[PDB]
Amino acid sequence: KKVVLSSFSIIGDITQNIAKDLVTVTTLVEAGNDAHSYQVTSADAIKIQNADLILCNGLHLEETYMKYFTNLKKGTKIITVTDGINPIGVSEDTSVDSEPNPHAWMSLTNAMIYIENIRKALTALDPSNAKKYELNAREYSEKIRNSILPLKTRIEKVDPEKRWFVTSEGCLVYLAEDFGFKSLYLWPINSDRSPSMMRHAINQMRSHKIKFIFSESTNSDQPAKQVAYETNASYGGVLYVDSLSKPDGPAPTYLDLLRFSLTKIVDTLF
């Protein structure tokens, strides 16, 4: 039985829906840890040795621990499951070039690309099961579309002047792009804050009469609430974007994570 190591919980869950036990799916950065600032342990080095295939997000998400994906089993490839997603830069000033924002999985379109890239890699690893990964990938893709599309459809009725997703981390930039909304946030990447970015958000919210700002499940709510106060906006609550929740939390699977967060967004913007 082949072993497929996913860099973090979200990619692990996607991969499990496509493979459905045809392979053993393991996860490096388990739910509840920051994927960008993780420390790889001795035990983790065993997971890495056992891997027949390694699935990374790319977009620099794993940049601090790429070096641990070395001395690998012969034939073990590292696949970037975001291949074909045009990166969005960590610059809010989209003039300058900048490091990529890693959060490509917060997108209906991109969910389909993650699935496709993983299907492809599983199929090149284990070609005698091609027909099963094929079926599984289609089913799973459908499942995602069936849950998430009705949320898109609701979101798209928003009045254009209210088309803003305002968060703490820049976790929704790919969602904004996919659904045709503008983005505003306080810092691009949690692991990394700027007083000027906060000032800029405040000014932008006042200027565009933006009504809500969110925080997320792995960062503090304090800055969002302060910005709400200073802008006469409302604090929107906590979104799940950077990790699956624990099993009894609201986002134990990638589908549940998209559904939860998009539901919360929709429910606050109407």
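Residue positions are given as counts along the sequence shown, with the first one as 1.
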message: I'd like to know the size of any gap between residue 192 and residue 193, counted in deposited residues with no coordinates: none, 1 to 3, 4 to 9, or 10 or more.
response: 1 to 3
query: Do the CA atoms of 97-105 or those of 81-89 have the higher mean B-factor in the entry?
result: 97-105
- prompt: What stretch has the higher average Cα B-factor here, 253-261 or 16-24?
  reply: 16-24
Residue with highest C-alpha B-factor in the PDB entry, from 57, 49, 215, 33: 33
query: Taking the Cα B-factors listed in the entry, which of 180, 150, 160, 170 comes out highest?
result: 160
message: Lowest, middle or highest third: which one holds residue 129 when the chain's residues are ordered by CA B-factor from the entry?
response: middle
query: In terms of the chain's CA B-factor thirds, is residue 269 lowest, middle or highest?
result: highest
- request: Compare the C-alpha B factor of residue 74 with those of the other modelled residues in its chain, then answer lowest, middle or highest third.
  value: highest
- request: Compare the C-alpha B factor of residue 155 with those of the other modelled residues in its chain, then answer lowest, middle or highest third.
  value: middle
message: Using the temperature factors of the C-alpha atoms in this entry, rank residue 164 within its chain: lowest, middle or highest third.
response: highest
